[PDB]
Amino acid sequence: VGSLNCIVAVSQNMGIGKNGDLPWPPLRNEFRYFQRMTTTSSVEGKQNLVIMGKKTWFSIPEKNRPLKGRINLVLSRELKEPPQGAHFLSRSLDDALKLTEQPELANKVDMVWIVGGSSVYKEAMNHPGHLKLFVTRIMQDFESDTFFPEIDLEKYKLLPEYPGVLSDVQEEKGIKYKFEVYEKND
């Protein structure tokens, strides 16, 4: 199994969601970035695994569940079986990562991507070991009710460039943003 990664888009006031949707209007190329990064596997015959909370799963329109071309896993302690469309359901990120050692996943999974929300990010960033954060910095405030935990800059390095990721300011629909990659290995 490959590397452990988070991917998120974050407003200046650290917001990631409002009313079960994004706090900002749709940004087509931000979405394309999320889709390409989480879907692309370096290894033939393997797919990446996306791990998400329950509310994030239900924020995806039904026509797009599960996330195409990726193995989908949902975190919840209330659900007793994976929701319709999904096939994996774990009680915690710790359990999900242990699940990727069992045969049903060990030979199928390349990279692991955590795709939200708030408490999935929080469990990952306290997880020990090699971890990358792919953070889109949306350069405006947006009203939000779900937030991204602040990055401990004593644990993470900010990479100046990352392969396949442009590092200049992006802009669509009047909104400037920037792709950042953080990395730790404790």
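Numbering starts at 1 and follows the sequence shown. Heads up, when I say rigid core I mean the largest set of C-alphas that superpose within 1.5 Å between the two forms.
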Task: RMS CA shift, core-fitted in 7 other deposited structures of this protein, bigger for 44-52 or for 59-67 - done: 59-67
TODO: Going by the average Cα B-factor in the PDB entry, point out whether 78-86 or 111-119 comes out higher.
DONE: 78-86
Open item on the list: Comparing average C-alpha B factors as deposited, tell me which of 47-55 and 126-134 sits higher.
Closed with: 126-134
Task: Modelled-residue ranking by C-alpha temperature factor, third containing residue 106 - done: highest
Task: residue 156 - Cα temperature factor, lowest/middle/highest third of chain - done: highest
TODO: Please rank the C-alpha B-factors of the chain's modelled residues and tell me whether residue 139 sits in the lowest, middle or highest third.
DONE: middle
Task: residue 20 - which third its CA temperature factor falls in, relative to the rest of the chain - done: middle
- [ ] For residue 39, return the chain-relative third of its C-alpha B-factor as stated in the PDB record: lowest, middle or highest.
- [x] middle
